[PDB]
Structure formats: structure tokens, C-alpha cells
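Structure below is start_7.cif: mmCIF, C-alpha atoms.
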data_coords
loop_
_atom_site.label_atom_id
_atom_site.label_comp_id
_atom_site.auth_asym_id
_atom_site.auth_seq_id
_atom_site.Cartn_x
_atom_site.Cartn_y
_atom_site.Cartn_z
CA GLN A 1 102.10 123.26 76.30
CA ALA A 2 98.55 122.51 77.41
CA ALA A 3 98.98 118.74 77.26
CA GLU A 4 102.43 119.22 78.79
CA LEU A 5 100.78 120.79 81.80
CA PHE A 6 98.20 118.00 81.45
CA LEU A 7 101.03 115.47 81.56
CA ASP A 8 100.31 113.63 84.79
CA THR A 9 96.53 112.91 85.10
CA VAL A 10 97.53 110.91 88.20
CA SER A 11 98.25 113.49 90.88
CA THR A 12 95.30 115.42 89.44
CA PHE A 13 92.30 115.32 91.69
CA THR A 14 88.53 114.97 91.90
CA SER A 15 88.25 118.68 91.58
CA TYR A 16 85.88 121.45 92.49
CA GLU A 17 86.08 122.81 88.93
CA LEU A 18 86.36 119.57 86.97
CA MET A 19 84.26 117.52 89.37
CA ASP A 20 84.33 114.80 86.75
CA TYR A 21 87.85 113.44 86.61
CA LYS A 22 86.78 111.95 83.28
CA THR A 23 86.02 115.40 81.81
CA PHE A 24 89.63 116.24 82.62
CA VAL A 25 90.50 113.00 80.83
CA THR A 26 88.54 114.07 77.75
CA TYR A 27 90.28 117.43 77.86
CA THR A 28 93.76 115.95 78.06
CA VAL A 29 93.08 113.49 75.26
CA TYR A 30 91.57 116.20 73.03
CA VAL A 31 94.66 118.32 73.52
CA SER A 32 97.04 115.34 73.34
CA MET A 33 95.83 114.12 69.94
CA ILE A 34 97.09 117.34 68.39
CA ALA A 35 99.87 118.03 70.86
CA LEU A 36 101.91 114.86 70.36
CA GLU A 37 103.01 112.59 67.54
CA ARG A 38 102.73 108.79 67.08
CA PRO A 39 105.70 107.60 69.17
CA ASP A 40 104.28 109.48 72.13
CA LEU A 41 100.74 108.36 71.34
CA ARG A 42 102.00 104.81 70.77
CA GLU A 43 103.47 104.66 74.23
CA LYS A 44 101.80 107.14 76.56
CA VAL A 45 98.04 107.16 76.01
CA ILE A 46 97.87 103.64 74.59
CA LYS A 47 99.62 101.86 77.50
CA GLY A 48 98.42 103.95 80.44
CA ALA A 49 96.12 101.92 82.65
CA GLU A 50 95.22 105.04 84.64
CA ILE A 51 94.28 106.73 81.35
CA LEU A 52 92.75 103.52 79.97
CA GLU A 53 90.31 102.72 82.77
CA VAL A 54 88.67 106.14 82.63
CA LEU A 55 87.99 106.05 78.88
CA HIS A 56 86.91 102.49 79.57
CA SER A 57 83.61 104.11 80.58
CA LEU A 58 83.73 106.31 77.46
CA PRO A 59 82.15 104.70 74.40
CA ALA A 60 82.82 107.46 71.89
CA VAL A 61 86.13 108.84 73.16
CA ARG A 62 87.67 105.37 73.28
CA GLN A 63 86.35 104.96 69.75
CA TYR A 64 87.48 108.45 68.70
CA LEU A 65 91.00 107.76 69.92
CA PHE A 66 91.17 104.29 68.41
CA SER A 67 89.64 105.29 65.09
CA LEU A 68 92.75 107.41 64.55
CA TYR A 69 95.30 104.97 65.96
CA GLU A 70 93.72 101.94 64.28
CA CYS A 71 93.40 103.61 60.84
CA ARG A 72 89.59 103.67 60.93
CA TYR A 73 89.37 106.78 58.84
CA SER A 74 85.74 106.83 57.72
CA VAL A 75 84.11 106.72 61.17
CA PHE A 76 86.78 109.15 62.38
CA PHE A 77 85.02 111.93 60.50
CA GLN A 78 81.71 110.92 62.07
CA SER A 79 82.98 110.99 65.64
CA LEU A 80 85.04 114.02 64.60
CA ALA A 81 81.81 115.78 63.65
CA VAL A 82 80.33 114.75 67.00
CA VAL A 83 83.21 116.01 69.16
CA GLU A 84 83.57 119.08 66.95
CA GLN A 85 79.86 119.74 67.33
CA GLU A 86 79.96 119.54 71.13
CA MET A 87 83.19 121.55 71.07
CA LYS A 88 81.33 124.18 69.06
CA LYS A 89 78.74 124.10 71.83
CA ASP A 90 81.40 124.07 74.57
CA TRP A 91 82.72 126.84 76.76
CA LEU A 92 86.49 127.48 76.56
CA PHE A 93 86.72 125.48 73.29
CA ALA A 94 84.21 127.53 71.32
CA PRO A 95 86.99 130.15 70.88
CA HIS A 96 88.96 127.58 68.88
CA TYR A 97 86.67 124.81 67.64
CA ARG A 98 87.31 125.76 64.01
CA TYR A 99 91.04 125.86 64.83
CA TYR A 100 90.78 122.34 66.24
CA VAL A 101 89.36 120.31 63.36
CA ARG A 102 91.27 122.26 60.68
CA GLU A 103 94.29 120.77 62.42
CA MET A 104 92.63 117.36 62.83
CA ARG A 105 91.87 116.99 59.12
CA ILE A 106 95.36 118.00 57.98
CA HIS A 107 96.75 115.75 60.72
CA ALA A 108 94.95 112.67 59.43
CA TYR A 109 95.75 113.64 55.84
CA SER A 110 99.39 113.85 56.85
CA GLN A 111 99.06 110.46 58.54
CA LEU A 112 97.64 108.49 55.61
CA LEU A 113 99.23 110.60 52.87
CA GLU A 114 102.78 110.39 54.23
CA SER A 115 102.79 106.60 53.75
CA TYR A 116 102.59 106.11 49.98
CA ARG A 117 103.69 108.09 46.96
CA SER A 118 101.45 106.90 44.11
CA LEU A 119 98.12 106.53 45.90
CA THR A 120 95.29 107.84 43.75
CA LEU A 121 92.57 110.31 44.69
CA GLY A 122 89.68 107.97 43.96
CA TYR A 123 91.01 105.41 46.43
CA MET A 124 90.26 107.59 49.42
CA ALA A 125 86.51 108.14 48.99
CA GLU A 126 85.48 104.60 49.90
CA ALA A 127 88.24 103.68 52.36
CA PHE A 128 88.86 107.10 53.87
CA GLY A 129 85.76 109.29 53.66
CA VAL A 130 83.15 109.93 51.01
CA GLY A 131 83.27 112.74 48.46
CA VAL A 132 85.77 112.87 45.62
CA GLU A 133 85.16 116.56 44.96
CA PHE A 134 85.39 117.11 48.73
CA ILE A 135 88.85 115.55 48.86
CA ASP A 136 89.59 117.59 45.71
CA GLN A 137 88.72 121.01 47.16
CA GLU A 138 89.97 119.93 50.59
CA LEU A 139 93.49 118.92 49.61
CA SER A 140 93.58 121.72 47.05
CA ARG A 141 93.15 124.34 49.77
CA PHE A 142 95.83 122.68 51.91
CA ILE A 143 98.53 122.43 49.28
CA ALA A 144 97.30 125.92 48.45
CA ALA A 145 97.57 126.55 52.19
CA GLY A 146 101.24 125.67 51.88
CA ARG A 147 101.19 122.57 54.08
CA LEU A 148 100.38 118.88 53.53
CA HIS A 149 103.51 118.04 51.57
CA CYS A 150 102.42 116.44 48.30
CA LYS A 151 101.65 117.48 44.73
CA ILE A 152 98.41 116.32 43.15
CA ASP A 153 97.91 115.46 39.49
CA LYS A 154 94.44 115.99 38.09
CA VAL A 155 93.56 114.80 34.59
CA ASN A 156 95.21 111.42 35.02
CA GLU A 157 93.64 110.97 38.49
CA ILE A 158 96.61 110.32 40.77
CA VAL A 159 98.04 111.99 43.89
CA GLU A 160 101.81 112.28 44.18
CA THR A 161 103.79 113.15 47.28
CA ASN A 162 107.34 114.34 47.86
CA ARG A 163 109.52 114.95 50.86
CA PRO A 164 110.93 118.40 51.64
CA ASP A 165 113.95 119.10 53.75
CA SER A 166 113.93 120.73 57.17
CA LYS A 167 115.59 123.78 55.65
CA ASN A 168 113.12 126.14 53.99
CA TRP A 169 110.26 125.34 56.35
CA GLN A 170 112.55 126.00 59.30
CA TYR A 171 113.85 129.07 57.43
CA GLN A 172 110.32 130.42 57.11
CA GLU A 173 109.47 130.88 60.79
CA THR A 174 112.93 132.39 61.34
CA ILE A 175 112.27 135.15 58.85
CA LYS A 176 108.80 135.53 60.43
CA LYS A 177 110.18 136.08 63.92
CA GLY A 178 113.01 138.20 62.52
CA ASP A 179 110.61 140.55 60.77
CA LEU A 180 108.34 140.53 63.83
CA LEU A 181 111.07 141.51 66.28
CA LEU A 182 112.46 143.97 63.73
CA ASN A 183 109.02 145.60 63.75
CA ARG A 184 109.10 145.51 67.55
CA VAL A 185 112.47 147.17 68.15
CA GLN A 186 111.92 149.51 65.21
CA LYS A 187 108.64 150.69 66.73
CA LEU A 188 110.08 151.04 70.23
CA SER A 189 113.15 152.66 68.67
CA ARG A 190 110.85 155.39 67.40
CA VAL A 191 109.00 155.44 70.74
CA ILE A 192 112.06 156.35 72.79
CA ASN A 193 114.12 159.41 71.82
CA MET A 194 111.02 161.36 70.76
CA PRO B 1 103.69 127.52 143.91
CA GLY B 2 104.74 131.15 143.78
CA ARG B 3 107.31 130.34 141.09
CA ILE B 4 105.76 128.67 138.03
CA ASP B 5 102.92 130.51 136.33
CA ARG B 6 101.36 127.84 134.12
CA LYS B 7 102.12 124.20 133.35
CA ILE B 8 100.84 122.76 130.08
CA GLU B 9 100.49 119.05 129.34
CA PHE B 10 101.23 117.61 125.89
CA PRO B 11 99.40 114.35 125.19
CA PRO B 12 100.15 111.78 122.50
CA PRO B 13 97.97 112.26 119.41
CA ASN B 14 94.66 110.49 118.96
CA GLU B 15 93.23 109.26 115.66
CA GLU B 16 92.12 112.83 114.97
CA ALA B 17 95.45 114.39 115.87
CA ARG B 18 97.46 111.98 113.73
CA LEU B 19 95.45 112.64 110.57
CA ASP B 20 96.26 116.35 110.44
CA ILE B 21 99.97 115.70 110.92
CA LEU B 22 99.61 113.30 108.01
CA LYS B 23 97.89 116.14 106.17
CA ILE B 24 100.53 118.80 106.83
CA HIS B 25 103.43 116.40 106.51
CA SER B 26 102.03 114.79 103.34
CA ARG B 27 102.18 118.10 101.49
CA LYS B 28 105.66 118.00 99.93
CA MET B 29 105.35 114.53 98.42
CA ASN B 30 104.31 113.62 94.88
CA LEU B 31 101.31 111.51 95.79
CA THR B 32 98.80 109.44 93.85
CA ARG B 33 95.10 110.29 93.77
CA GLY B 34 93.26 108.26 96.38
CA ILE B 35 95.25 107.62 99.52
CA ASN B 36 92.83 107.24 102.49
CA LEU B 37 95.07 108.53 105.26
CA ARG B 38 92.33 107.73 107.80
CA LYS B 39 93.13 104.02 107.55
CA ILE B 40 96.86 104.60 107.99
CA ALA B 41 96.20 106.92 110.93
CA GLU B 42 94.28 104.04 112.46
CA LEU B 43 97.16 101.69 111.61
CA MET B 44 99.50 103.84 113.69
CA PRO B 45 98.41 103.40 117.34
CA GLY B 46 99.64 106.82 118.45
CA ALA B 47 103.35 106.83 119.25
CA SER B 48 104.14 110.58 119.00
CA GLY B 49 104.49 113.28 116.37
CA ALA B 50 107.98 112.18 115.36
#
Kindly return the structure encoded in the file as C-alpha cells.
Amino acid sequence: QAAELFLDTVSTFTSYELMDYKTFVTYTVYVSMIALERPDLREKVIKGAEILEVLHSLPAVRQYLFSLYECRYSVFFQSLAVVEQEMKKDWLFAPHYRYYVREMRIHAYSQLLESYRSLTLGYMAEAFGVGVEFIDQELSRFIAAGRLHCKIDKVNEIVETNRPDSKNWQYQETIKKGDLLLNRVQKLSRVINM
Amino acid sequence: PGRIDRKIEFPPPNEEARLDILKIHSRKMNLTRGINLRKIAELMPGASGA
């Protein structure tokens, strides 16, 4: 919703509160890179001249956007650590800087990993980002986190993916909201009538 | 002269008094950032408010 309110970046103005228009540009790209998928990214932010000419003055942000779009995975963690570091030292993003990059990592892992089925784990250290045990414990906590749809083999050194349906995942949030609202109207149901 | 109490003249707008009508009237449009209404107010040589 935040990028959706940040949709225009055209009628937006040289503000009193974001006196840099380009800081508003950095904000809308930082929220857009999570908020929208490839089709949207591959038309909206990549072809906008009004969005292009303002990151034209940005050396890192133009790199940080194009390292993700142009499959430059290894430097993406470097610039990711930069923007995550400043975001850690940033007002209004310091409430959710850990929330940001835990979505960025699983987003890039979804991007590369949802291409092939038989890509091995040792392939990714040199072409993707260094640390075989880091990719080990990192994907292990994400499959263990119940996302990042694949299934890793260990003692033959290969990573296998699958594809799930839109059934049980879409079922899950329905039973979440059903139990949540059941708690709500149950609680209020005991609130009224003594 | 014992009839009318006050008579008030209405002049055509100058370059100042066209810019504010551009300001008020330009409110309900979906603009683009950077317009420079001063130039356009100079381009109109003061016809009337309509």
C-alpha cells in the first residue's frame, strides 16, 4: 500500500518535509522493490524517464536497483548491506530495518531459485554470494520458516525445488483470519451480556 | 447624487492579478511538477477573469 500511495512521483512536489525530491525517489524505490513483482518492475521503474533521471544522479541506488534486475547477485549483498546499514541508522525505517532485508534475501532467493530445479548448493557461493555454510543455515531457516518453496538434499550436495499449488498456502491465511475473528467475536461476545 | 451610496470600479487583471486566478483555478487539475505559471500569466495580456 505504501508504494501504491507512492505511485505517481510526478505530481509529488519539492516538499517542505522531503525537501529532496530524490529522497522521496529513494523511498519509493525501496518500498517498490518489495511491493511489486517483475512484470511491474520490468515496465514501471525501468522505463520511467521521470524516475530514471533522478536516480541518474544516484550512483548506488541505480546500482542497487540494477544489481537485482540484471542478476548481479554478489554485489547486491554489498549494496544491500550499505542500504540496510543506513536504514538501520534511519528514522522511520529503523522500526523495520530487520523486517526489510529478511524479505530482500528471501526475495532474491525466490528469484534465482525459482528458475532451475537441479541447481546445486555449491554453485551459489561463487556466482551468488560467498559462504557455503551461510547458504546452508540461511536456506535451512527459510524452508524451516515455511517459505522459499524448495527441498534441499545434503549429503549428495544438490538443491531441489518443487512447485506447490495455490491451495494450502491460500488455505493457511484463511484459517488464520478465521481463528482471529473467531477470537474477536468470541471475546466481544463475552464482553456484552455481562 | 443623493441616490447612489458607493460606486466601485472593477479593472482588468494585471500580471499579479492573473497569477492568483491561475493559482485558485489550477487547483482541481492533475498537474505535473514544474509549471511556471508566471510565464503563462505574462503570455496572457489581461483580457478578463473569464
Do you know which residues are at most 12 Å from residue 43 in chain B counting only C-alpha atoms, after dropping those on the same chain fewer than 3 positions away, and could you put them as a PyMOL selection string?
chain B and resi 14-15+18-19+36-40+46-47
Include C-alpha atoms and write out the residues we just selected as a short mmCIF file (atom, residue, chain, number, x, y, z; two decimals), in the frame of the given file.
data_model
loop_
_atom_site.label_atom_id
_atom_site.label_comp_id
_atom_site.auth_asym_id
_atom_site.auth_seq_id
_atom_site.Cartn_x
_atom_site.Cartn_y
_atom_site.Cartn_z
CA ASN B 14 94.66 110.49 118.96
CA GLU B 15 93.23 109.26 115.66
CA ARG B 18 97.46 111.98 113.73
CA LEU B 19 95.45 112.64 110.57
CA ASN B 36 92.83 107.24 102.49
CA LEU B 37 95.07 108.53 105.26
CA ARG B 38 92.33 107.73 107.80
CA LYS B 39 93.13 104.02 107.55
CA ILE B 40 96.86 104.60 107.99
CA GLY B 46 99.64 106.82 118.45
CA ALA B 47 103.35 106.83 119.25
#
Neighbours of chain A in chain B at 10 Å, counting only C-alpha atoms, as a ChimeraX atom specification
/B:30-34
Could you write out that same residue set with C-alpha atoms as a PDB file, keeping the file's coordinate frame?
ATOM      1  CA  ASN B  30     104.310 113.620  94.880  1.00  0.00           C
ATOM      2  CA  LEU B  31     101.310 111.510  95.790  1.00  0.00           C
ATOM      3  CA  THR B  32      98.800 109.440  93.850  1.00  0.00           C
ATOM      4  CA  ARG B  33      95.100 110.290  93.770  1.00  0.00           C
ATOM      5  CA  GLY B  34      93.260 108.260  96.380  1.00  0.00           C
TER       6      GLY B  34
END
Shell around residue 136 in chain A at 12 Å using all atoms listed in the file, local window under 4 positions removed, as a list in words
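Neighbouring residues, sequence-local ones excluded: residues 120, 121, 122, 124, 125, 130, 131, 132, 140, 141, 142, 143, 144, 152, 153, 154, 157, 158 and 159 of chain A.
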For range 46-55 of chain A, find every residue with an atom within 12 Å (counting all atoms listed in the file), except residues of its own chain fewer than 4 positions away, and show them as a PDB file with C-alpha atoms, in the coordinates of the input.
ATOM      1  CA  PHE A   6      98.200 118.000  81.450  1.00  0.00           C
ATOM      2  CA  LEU A   7     101.030 115.470  81.560  1.00  0.00           C
ATOM      3  CA  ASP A   8     100.310 113.630  84.790  1.00  0.00           C
ATOM      4  CA  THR A   9      96.530 112.910  85.100  1.00  0.00           C
ATOM      5  CA  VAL A  10      97.530 110.910  88.200  1.00  0.00           C
ATOM      6  CA  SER A  11      98.250 113.490  90.880  1.00  0.00           C
ATOM      7  CA  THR A  12      95.300 115.420  89.440  1.00  0.00           C
ATOM      8  CA  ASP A  20      84.330 114.800  86.750  1.00  0.00           C
ATOM      9  CA  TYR A  21      87.850 113.440  86.610  1.00  0.00           C
ATOM     10  CA  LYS A  22      86.780 111.950  83.280  1.00  0.00           C
ATOM     11  CA  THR A  23      86.020 115.400  81.810  1.00  0.00           C
ATOM     12  CA  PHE A  24      89.630 116.240  82.620  1.00  0.00           C
ATOM     13  CA  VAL A  25      90.500 113.000  80.830  1.00  0.00           C
ATOM     14  CA  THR A  26      88.540 114.070  77.750  1.00  0.00           C
ATOM     15  CA  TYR A  27      90.280 117.430  77.860  1.00  0.00           C
ATOM     16  CA  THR A  28      93.760 115.950  78.060  1.00  0.00           C
ATOM     17  CA  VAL A  29      93.080 113.490  75.260  1.00  0.00           C
ATOM     18  CA  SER A  32      97.040 115.340  73.340  1.00  0.00           C
ATOM     19  CA  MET A  33      95.830 114.120  69.940  1.00  0.00           C
ATOM     20  CA  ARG A  38     102.730 108.790  67.080  1.00  0.00           C
ATOM     21  CA  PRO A  39     105.700 107.600  69.170  1.00  0.00           C
ATOM     22  CA  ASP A  40     104.280 109.480  72.130  1.00  0.00           C
ATOM     23  CA  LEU A  41     100.740 108.360  71.340  1.00  0.00           C
ATOM     24  CA  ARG A  42     102.000 104.810  70.770  1.00  0.00           C
ATOM     25  CA  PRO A  59      82.150 104.700  74.400  1.00  0.00           C
ATOM     26  CA  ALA A  60      82.820 107.460  71.890  1.00  0.00           C
ATOM     27  CA  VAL A  61      86.130 108.840  73.160  1.00  0.00           C
ATOM     28  CA  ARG A  62      87.670 105.370  73.280  1.00  0.00           C
ATOM     29  CA  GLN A  63      86.350 104.960  69.750  1.00  0.00           C
ATOM     30  CA  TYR A  64      87.480 108.450  68.700  1.00  0.00           C
ATOM     31  CA  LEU A  65      91.000 107.760  69.920  1.00  0.00           C
ATOM     32  CA  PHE A  66      91.170 104.290  68.410  1.00  0.00           C
ATOM     33  CA  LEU A  68      92.750 107.410  64.550  1.00  0.00           C
ATOM     34  CA  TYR A  69      95.300 104.970  65.960  1.00  0.00           C
ATOM     35  CA  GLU A  70      93.720 101.940  64.280  1.00  0.00           C
TER      36      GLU A  70
ATOM     37  CA  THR B  32      98.800 109.440  93.850  1.00  0.00           C
ATOM     38  CA  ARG B  33      95.100 110.290  93.770  1.00  0.00           C
TER      39      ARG B  33
END
Which residue, B:4, B:50, B:35, B:41, has the smallest gap to residue 20 in chain B when you use all atoms listed in the file?
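Closest to residue 20 in chain B, using all atoms listed in the file: B:41.
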Ground truth for the PyMOL selection byres ((chain A and resi 79) around 9), written as a ChimeraX atom specification
/A:60-61,63-64,67,75-78,80-84
Enter the distance from CA of residue 89 in chain A to CA of residue 2 in chain A, in Å, rounded to one decimal.
20.6 Å
